[PDB]
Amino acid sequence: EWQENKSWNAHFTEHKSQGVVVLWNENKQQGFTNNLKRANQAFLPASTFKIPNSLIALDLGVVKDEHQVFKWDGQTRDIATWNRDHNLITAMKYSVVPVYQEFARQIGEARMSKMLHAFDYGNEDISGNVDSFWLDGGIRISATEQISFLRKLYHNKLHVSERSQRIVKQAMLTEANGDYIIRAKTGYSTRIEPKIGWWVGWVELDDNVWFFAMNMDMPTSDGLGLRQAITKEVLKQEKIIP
């Protein structure tokens, strides 16, 4: 079932922003959002695509494990953290596009398409360049579709090995303390309008898990920190986290 709570719209308008948060209570099998329509509108996944891309690369042996070093190609880019060696953990942490573009080239069009259909991932459409379709190609996914995919990953139900799913969930680790654990991935889509930011993942508690997927308009990079800040304000309001 699904419930629309427009009171959360305050968390966006108070920041001169527009967007959607979608929450899913796993124990109760109930969903909540501020905007049912936008919750089902499909956007470019941008760097949230690093979740399925990592899974596929691991399961096919393109990536051996989370310690394998992907050497910097020596081309200076404008994101300083990209101009260095990475492993799967740090490439996810710093959303290192050029590492994941090489993953996609080694995966190839045929295997990438087959695996995204097996995952039931978004519109399953990889039209465009194999090394950039999640940034400016035909693939699209909604917030509710992100949750559907993440629930499968959490339960090790995706059609890749258990090992691959465990490794990616390790690489998604974002925050942990005595009260909760967050495993998640950010995204920032600029090449096609509307420019948006994403944050998708889940909050692990002692006796429940809350899945979340949010996106918001992102006219400039100045607002990127609002992706996590708005989401955590909703979690606090619903007393999911202190």
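Don't overthink the numbering: it's just position in the shown sequence, from 1.
Which has higher Cα B-factors on average according to the PDB entry: 232-240 or 1-9? Looking at the record's C-alpha B-factors, the answer is 1-9.
183-191 versus 25-33: which one carries the higher mean Cα B factor per the record? The deposited B-factors put 25-33 ahead on the C-alpha mean.
If you compare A143, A80, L88, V99, which has the highest Cα B-factor in the entry? Of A143, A80, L88, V99, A80 has the highest C-alpha B-factor.
I'd like to know which of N53, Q68, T174, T48 has the highest C-alpha temperature factor in the PDB entry. Going by the entry's C-alpha B-factors, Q68 comes out highest.
Assigned third (lowest, middle, highest) for the C-alpha B factor of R105: Ranked within chain, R105 CA B lands in the middle tercile.
Give the position of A118 by CA B-factor within its chain, expressed as the lowest, middle or highest third. Within its chain, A118 is a highest-third residue by C-alpha B-factor, going by the deposited values.
When the deposited Cα B-factors of this chain's modelled residues are ordered and cut into thirds, is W72 in the lowest, the middle or the highest one? Highest third.
C-alpha B factor of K93, ranked within the chain: lowest, middle or highest third? Its C-alpha B-factor belongs to the lowest third of this chain's values.
Ranking every modelled residue in this chain by its Cα temperature factor as given in the entry, which third contains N129? Middle third, going by the recorded CA B-factors of the chain.
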